[PDB]
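Reviewing the structure listed below.
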Amino acid sequence: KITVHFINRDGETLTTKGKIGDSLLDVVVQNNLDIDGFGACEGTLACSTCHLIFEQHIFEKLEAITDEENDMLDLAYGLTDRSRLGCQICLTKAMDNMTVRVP
Amino acid sequence: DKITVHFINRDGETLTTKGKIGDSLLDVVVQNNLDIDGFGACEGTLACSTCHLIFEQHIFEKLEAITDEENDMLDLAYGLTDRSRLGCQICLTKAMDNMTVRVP
Ligand code: FES
Ligand code: FES
């Protein structure tokens, strides 16, 4: 299991654990993280609520983005150069102790 | 609450409740605890399509003009029709009394 920190929109840092292979939405849902609206479509690429902003060194080694994710991601609020839809990103060793930001 | 709205749920059952002019249809659903699975998940912030509703033609054609934002998100909705709108963007007016909207 690995530690993941979430900077929520209110500014509070949510520290929690997930298992390698778990999506970031899985992490939010299982641990009942208090992130308003997160995971609206329950990970079917029909919403932008699971948008997360990653550290650059983490972002650059994420799995190649699919066109389906990109179309949904295009509509997210507060898009950055390090943005992905969290329901598509699964935990890896390199993410231990990483921080993600909820825009 | 002064006007009646009939919601045809995904199971084909009709849920009837009331709201006041000025409320969104999302408000009407969530404030009355209607049993519509996952409806309103992004909380009216135009970031999902879980509040998708299908309107009868005579009501649909009287609705407020759809924004590009709403249209862009509605495009990717399940069961999108010509008479579809995002419910959280639709404010109740007096004309909507006894209208029927359907959840795909
Ligand atoms: S939960 Fe909707 S696209 Fe990620
Ligand atoms: S509740 Fe998400 S867009 Fe209407």
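Start at 1 and go down the list; that is how both ligands and their atoms are numbered. Here is how names work: the chains are called A, B, and so on, in the same order as the sequence lines, proteins then strands, and each is numbered from 1. Values below: all heavy atoms of this structure, side chains included; hydrogens, waters and symmetry mates excluded.
Every pair passing salt bridge (charged side-chain N to carboxylate O under 4.0 Å, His left out) that includes a residue from residues 79-90 of chain A is listed here, sequence neighbours excluded: A:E69-A:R84.
The closest donor-acceptor contact from the side chain of A:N31 to the backbone of A:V28 lies at 3.5 Å or more, if one exists at all.
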Next item on the list: List the steps, then state whether side chain to side chain donor-acceptor pair (under 3.5 Å) holds for A:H5 with A:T15.
Entry: CA-CA 4 Å; A:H5 306 286; A:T15 301; 3.0 Å; yes
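Taking all atoms of both residues into account, the shortest heavy-atom contact from B:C91 to B:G22 is SG-O, 3.9 Å.
Note on atom 2 (Fe) of ligand 1: protein N/O/S atoms under 2.8 Å are A:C41 SG, A:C47 SG.
Results of the side chain to side chain contact (heavy atoms under 4.5 Å, CB included) test with A:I7 over A:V100, A:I53, A:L14, A:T13 single out A:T13 as the only residue that passes.
Classified by interplanar angle (parallel below 30°, tilted 30° to 60°, perpendicular above 60°), the ring pair A:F6/A:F38 is perpendicular.
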